[PDB]
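Letters A, B, C, D, E, F, G, H and I mark the chains in the order given here, with residues in each chain numbered from 1 onward.
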Amino acid sequence: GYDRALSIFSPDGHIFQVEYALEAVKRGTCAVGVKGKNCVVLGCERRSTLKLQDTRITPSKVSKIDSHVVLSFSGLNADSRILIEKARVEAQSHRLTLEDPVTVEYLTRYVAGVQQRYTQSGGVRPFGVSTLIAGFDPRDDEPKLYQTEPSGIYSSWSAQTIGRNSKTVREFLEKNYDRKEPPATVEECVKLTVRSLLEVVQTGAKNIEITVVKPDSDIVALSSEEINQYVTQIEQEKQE
Amino acid sequence: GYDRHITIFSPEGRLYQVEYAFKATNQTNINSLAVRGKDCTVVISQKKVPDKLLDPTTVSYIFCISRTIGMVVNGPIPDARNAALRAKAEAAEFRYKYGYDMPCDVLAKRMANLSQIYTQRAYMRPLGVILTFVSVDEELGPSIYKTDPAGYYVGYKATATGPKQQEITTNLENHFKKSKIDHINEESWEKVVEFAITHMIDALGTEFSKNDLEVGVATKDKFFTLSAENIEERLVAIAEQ
Amino acid sequence: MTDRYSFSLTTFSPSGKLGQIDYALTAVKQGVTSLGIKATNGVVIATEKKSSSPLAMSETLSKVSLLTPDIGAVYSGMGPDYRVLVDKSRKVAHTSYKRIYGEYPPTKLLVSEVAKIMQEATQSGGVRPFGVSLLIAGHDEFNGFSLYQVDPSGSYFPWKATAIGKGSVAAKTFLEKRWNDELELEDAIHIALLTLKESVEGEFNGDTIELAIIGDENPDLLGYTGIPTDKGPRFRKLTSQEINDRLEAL
Amino acid sequence: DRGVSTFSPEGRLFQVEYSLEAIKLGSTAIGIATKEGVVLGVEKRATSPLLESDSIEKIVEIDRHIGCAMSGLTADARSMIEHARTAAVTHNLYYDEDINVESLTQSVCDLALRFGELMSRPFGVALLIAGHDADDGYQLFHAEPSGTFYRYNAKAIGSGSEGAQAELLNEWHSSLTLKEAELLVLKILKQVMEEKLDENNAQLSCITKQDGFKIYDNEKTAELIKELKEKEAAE
Amino acid sequence: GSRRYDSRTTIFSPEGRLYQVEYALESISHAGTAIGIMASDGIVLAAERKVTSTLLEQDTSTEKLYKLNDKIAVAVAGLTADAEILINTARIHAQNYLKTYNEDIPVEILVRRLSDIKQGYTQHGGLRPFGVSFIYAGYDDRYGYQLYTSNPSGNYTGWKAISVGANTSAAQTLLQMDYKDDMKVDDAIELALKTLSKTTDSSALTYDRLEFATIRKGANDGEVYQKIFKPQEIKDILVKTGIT
Amino acid sequence: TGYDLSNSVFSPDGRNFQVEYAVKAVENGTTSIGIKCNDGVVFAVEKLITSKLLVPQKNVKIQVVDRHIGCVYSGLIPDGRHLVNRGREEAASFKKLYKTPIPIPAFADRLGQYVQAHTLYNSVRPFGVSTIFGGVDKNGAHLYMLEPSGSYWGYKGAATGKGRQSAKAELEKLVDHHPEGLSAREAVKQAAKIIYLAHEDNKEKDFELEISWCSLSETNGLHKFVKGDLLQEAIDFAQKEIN
Amino acid sequence: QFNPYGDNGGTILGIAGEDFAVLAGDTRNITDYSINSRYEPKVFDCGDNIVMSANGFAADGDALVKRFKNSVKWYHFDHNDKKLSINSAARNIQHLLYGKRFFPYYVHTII
Amino acid sequence: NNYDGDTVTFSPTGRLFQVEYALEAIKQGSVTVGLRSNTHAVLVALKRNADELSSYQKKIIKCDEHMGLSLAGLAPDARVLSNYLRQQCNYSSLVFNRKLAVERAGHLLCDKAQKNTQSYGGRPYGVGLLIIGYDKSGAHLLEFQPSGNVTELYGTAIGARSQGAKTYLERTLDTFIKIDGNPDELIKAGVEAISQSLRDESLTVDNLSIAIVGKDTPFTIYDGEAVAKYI
Amino acid sequence: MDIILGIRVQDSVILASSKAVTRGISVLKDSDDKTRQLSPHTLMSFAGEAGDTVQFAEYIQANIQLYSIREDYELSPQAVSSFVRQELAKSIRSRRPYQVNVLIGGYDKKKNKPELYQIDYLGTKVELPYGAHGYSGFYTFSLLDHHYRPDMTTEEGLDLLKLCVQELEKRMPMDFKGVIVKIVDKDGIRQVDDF
């Protein structure tokens, strides 16, 4: 087996392979998550350097880890599949031994743990992936949104964004999200999510994806149809 | 230019480490020669004991591999002994597995295949030696098969190895172009040894005492090396010209 | 701590070249010319036996090798690499085919195995590619006669006729002129001897030329009778004499 | 490159020294050890106002009688804490007793130097391990990724540590009460933190022989910040 | 030690790219263009070969189009040898699924495992990635007809029409131009050739430099036939569409 | 260049520079000799006294292998010990299978092949010692000297370390002026002298003499240390000849 | 068939006082109807004010006592010369015995 | 220069720079002294605090009842080597019912250090040790150096400014070698020797560490209030 | 543990599974569900050695649930039964084989037809109109052979089962403390909450 230490310290006290893994995330298509008062919404930019795509069969950018937790990501698509697979296996393993589905914090801590392990293991590079992990703990209606990054650090967010032009939309949400007043309705939270993407996303076309997770394993994704109805509506609210 | 340090190709499709291993071959500054009789194969190598503190009997580049196979080495002694021990192990194992004595040309191929591996795998360095195997094979008669660091091997009518190899080769080439046969047309191994030492003296243009030579003889069912006295006897007969 | 080389010694350069495969092909280019021709009722592979010394007995060093009773191989490039590849090619024909199906592998299947061994030297840790290109000529009941070329990359292509090594460019032009899809084997042997004269500088006779056919079955070469469905090997190396016989009507 | 386990001509391990630079970049952590208990305090340092500050876990329980504060690459501490907890719980199973704070620390510190061509690099995190045992009472230990650990009456680690440590050198005496130490940690944190110390961007904890290791709730700390600001207005 | 001679195939650039993946993609861009077009009633795979000598054996050959099972085929762009390693893996992986579930493998699951292998070579093992891109043309009874591509990175995506190899920028524009969803197989066949005709790097686009395959609904209804065109059938479909 | 940075790399000359660099560490070491005698061998070595804080008699450098073999070496001491430990494993394993204790030529090749093996890979360093060893087998006495390359021969006498040239020349004298044979007790005195003569080059510090011998008549074919009385006799003989 | 166990007889007796404890055993070692020794002690001072006897099969008995005595030694080394509590010793011995659950020490242990 | 990349590389002069760099970490280490009569062997070690709020790095480790060592340099390496030595002492005790010869402890330590200096991806130990022990041939003192060089001495010192103590002991040789039957006089001589290696700061209660082993003395460590008697 | 039955009717599969759990001399429990839901439209009942049955059933359940998440798709009952057979056929040449017999009752949503699979611990699978494991078959197969018709309603199936359970309660020596009945149809899995 290949032994080489690829993630090592530099004289300034930085681990360049981790920091370069973040550069891969920076380049990744934008992803955003927003806590409602009793929902979480995951929004995802999808680049339009290519049409003639088949979107029935192309990997969707939000993945179910269990029936009550979802995971979106920014960065290397191939790398994300490995993290998703491990997380889905760990979720079934947790159910099998603890006789309870994972808490979002636990599933996050697991994925974060995998990401970290690759930052101090021989013969592996870190994951070029940051993740948003969103859902509801079992028999709990308080929503959960966590972020992980190639270093393996993870934390909870009222709302957060990752990938290209995420500094733009983090500035938007910082400005447009009251913690004292979270988006009370589903529609309200979905709206704020689309709005933040429209700072960055070009057109409303098949450029945006929204997935909405409600409590008790109530996960459904919106079709262009129903997102267009927000894109149409927010456009006609710019008339000041 | 790290393609010069390990056995990977240079841009002109060359393995420099294999080429440099050939240069180590001549580092001992010894010349060896091998010819075939009707009944025998004779190997002769120069014996140089520079230091007086050396026990001259322990200084040898000829090895008795098996009952039937003898091997002479052109190259440094540590690589020579490494190669010898291996061929001894390989010839013993072959006998145990397949129920008959390992032929000269098969051991040569086997040792050449081992040499080939060092030219392809990076962590193994080639051995800086050329291995001249001699026997009287039970199927093929008197045999000379020779191996180099490149993993190349071929059978020889006769052969020479060392710095002065080219002079010894053309000398032997000329004898065979003339005599017009595969071998030294001689009855006794004693007279094929005499032939070998003679054509070594002519090609090198130098004279040998009994301690300047090392001789090995392969016959049917035993390969043996001559003592100082068996050579001295043989040198004395060469005097009658 | 012996083998630390568990990483590829063949990697992609910024231009997308695989340096060590290109260099292995360069090593083949320097190699002595070898060629193969498909006739309608046989295949011929041939090469020059360039001697290192006149004291070398060049019948001992065989460049054309039997792989199965119906498959032969020849090469240009590094002889030692060819030797160990023939050994692995013969064994893989048994371990991963004959020991399973009780019959020898068809030409393209055995070629596929040889190619696979050469591809692994192109990717596996701590090894250089093989410095040879093989021409593998063989017959199998359900494909008839065929000829394949295997390169250091592990790529293989089927040929009507081709050559490799030194004077391949020259010879490939010669073969194009003279090849038709109605050649009887004897005609292809003759053409192969003409094509090989061009590239051979020194002596050109039965002792400096190695030539084998994949032709008719040879009961005389089988070694036993009593089984009516074992008719013997289609691979036959032409003798020193048999080559010189044809160099008359040249 | 060069070996991962190689010495500088000075006679120090490059990869250990470079990890020490990573720890200096980390958020501040302070421990003060008193005869009434040991106090651990950390700067949380939320990187944005949107991230929920109480999800930042830089003080962590090891056993009921041992706590841990960290500074540096905090993801690197997952496995150090895991090992420490396992070591503490394991020792209890084998000996039906609490495991000495020094023995715990030594166990954690054995991990630190098991790296090179075992993990690929040293840890990018220093730990303040603070606990109580019957034999040596209240203890604070500083566990570096060099494999060395020092016992401290008080110690600061992270970006604020050079100033904070000289500040602790002044104010620490052998007769500090717990309440004094709690305030003193709040004081020195507020003094070195970039942003302004409140009960959301800083966190407290202590370990008493009586009630073991407790992380203070935001409400409890908020009232100690009031008590601190009031106190410094006087004189 | 040996560290000296290690390229480190599985590291990031300071920009967070994988040097060896990028250089493998550069390698593939000099390979014969392969095109996949998915119709309503089938899929077309068209592959353009490299310059070929007269002596090269025309008919009994398939360097670009390989069968994975009865319902799935791939078009290759890159090193043929690297592709055959990955193909035999995929063929086995398809047979394992069949033995386990007594059902033909869904096209995506096969595509994912191959992509996950490629991914592995980019993250661990210190070996060079596979210098191969695949166009997967396959049918299953969940999504019907599916077109995919996978590249050395381990990334894979779904397509209505796609090209890999040389002049894919040029080819992707021509396909984006003349492709529509209702399009039938025989239209897609014609588009595939027209596209290679315009993007080829030699003047004549003759039958002898083309490999061609279709996966059709056409059979005894409900079942799927997979056709790797004989050279005479490529000569016919080239005369029929009036390119010769 | 770059040819000298990795062990087991051939230079364009055909040399392994790392083995040649190993030899420099040997030459840098204290002097050590072997004198082969009538029915045995004698080993002597120069032990530099850094300080009177060295306990005399107590930092032994000559090592026994099996019962019947003496080993002494110049250069990196740890490397020498590691090679003897290997020699001991080799001799134990030979005795175990073949019952007879290992012959000296057989034993020499065991060290020869092992040391040579550390010139085959870039992942190991060559041995920083030349080893003079030997003893009495069923075919009489053997003296051997082995170098970092794995090169070894049988010797009449041999020397290595700083004082290798003086010793070398002083051995050459004995080979000429005693052609028929040197006795065991003779070689012990002669060994003491040559170490004193070769101390010329390590003139800086004064030293402690250490002799061992393996004689068929005098030690019964076993390796024993020359202690107490017969040591002081040979020390005295040597003091007399540097006057 | 090889029987790895034997029975060396003997009898041991532990009584706890208010501020003392006795651990007694006969000094006779037997196999079948033979006496091996009339004085072979099987009650040992393991250090840290602890006495131990493993009665039954003397080989397993001596193996266990020896292992526990070593356990005391390493407790000192690893926990800064801390005195091993009788309860801590008891628990340690459980793990020694249960370590061979599927090839037991054929001994009755009293400390 | 180019030849200090790792331990498997010789310099053209024939040196192992990685070993010399390891040797260097010892001289940065706080001074420790060893000396012994015919009846006792003493270690005095000057301990180094990190700052005014820190403990004093313990420099003396017990290996058996009859053996133990003091360290200068990387303390984790001293832990590994002391722990290895404990096992060898323990092995000799369990298998052969035999207290391990101090001279053999030397050979095992030497042979362990050597393995780390000859093969790829390793690193020399970055610590020097002084090993005292009363065995079956009297009192012993050993100086271990991570090159693998182990030497039996009457006295010595290693670490920062250790040259001072080392010359005092070189002078006082005949005084201390005949402190037989007196434990305190043999320690006093050691505390005087270690004082030749001080500057600015000198021996307080909790910066000084003394170990003694001998004829009727189990290897024991004296710290804090139990060294005040010697300041 | 003891008796497990299955019958496929017009458009559902009915699994009846004994409620008794006996540890030697005592009936420890009289309300045990010898069933796991593998997917929303697939139910497995199991009987055999203690511990292995729950361990095997839960292990299959986790594997099928993992597949569902990964592909966002429910495997056909045929595919699940083929997977389960392979696991058992795997385990029979293990060091310690799973000692578990199973009935897999599933509604194939893609084919709108109910399917019942009987697999023993050897990995011997058959698709059956009605199935049982162990001694259950010997009593009930005569009743089912007679009364069974491929086009029966669910309530007809339950009535034929009621007869089967009655004959068992009459002639079985062991008191199996009645059965828990479950129905698998196009709308999923539900429990007939008394018998």
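Keep in mind that, in the parts below, a residue touches a chain if its C-beta (ideal position, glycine included) is under 8 Å from a C-beta of that chain, and two chains touch if they have at least 3 such contacts.
Enquirer: Going only through chains that touch each other, how many steps at minimum separate subunit D from subunit H?
Expert: Shortest path length, in steps: 1.
Enquirer: Among all other chains, pick the one whose mean CA position is farthest from the mean CA position of subunit I.
Expert: F
Enquirer: Report, in whole Å, the distance between the mean C-alpha point of subunit F and the mean C-alpha point of subunit I.
Expert: Centre separation, subunit F to subunit I: 82 Å.
Enquirer: Just the number, please: Cα centre separation of subunit C and subunit G in whole Å.
Expert: Once rounded, the distance between the two centres reads 77 Å.
Enquirer: I'd like the Å distance between the centres of subunit E and subunit F, where a centre is the mean of that chain's Cα atoms.
Expert: A distance of 69 Å separates the two centres.
Enquirer: So which stretches of subunit E touch two or more other chains?
Expert: Residues 1-6, 8, 126-127.
Enquirer: Residues of subunit D touching 2+ other chains?
Expert: Counting only residues that touch two or more other chains, subunit D contributes 1, 3, 116-117.
Enquirer: Considering the complex alone, what residue numbers of subunit G touch subunit H?
Expert: The touching residues are 66, 70, 73, 77.
Enquirer: Inside the complex, what are the residues of subunit C that reach subunit A?
Expert: Listed in rising order, the residues are 4, 6-7, 125.
Enquirer: Please give the residue numbers of subunit D that touch subunit A in the complex, ascending.
Expert: 1, 4, 14-15, 18-25, 48-52, 54-56, 73-76, 78-79, 115-117, 119-124
Enquirer: Can you list the subunit F residues touching subunit B in their complex?
Expert: 2-3, 6, 8-15, 36, 105, 109, 112-113, 115-117, 119-123, 143, 149-158, 168, 171-172, 175-176
Enquirer: So in the complex, the part of subunit C that touches subunit H is made up of which residues?
Expert: So the residues of subunit C in touch with subunit H come to 1, 4.
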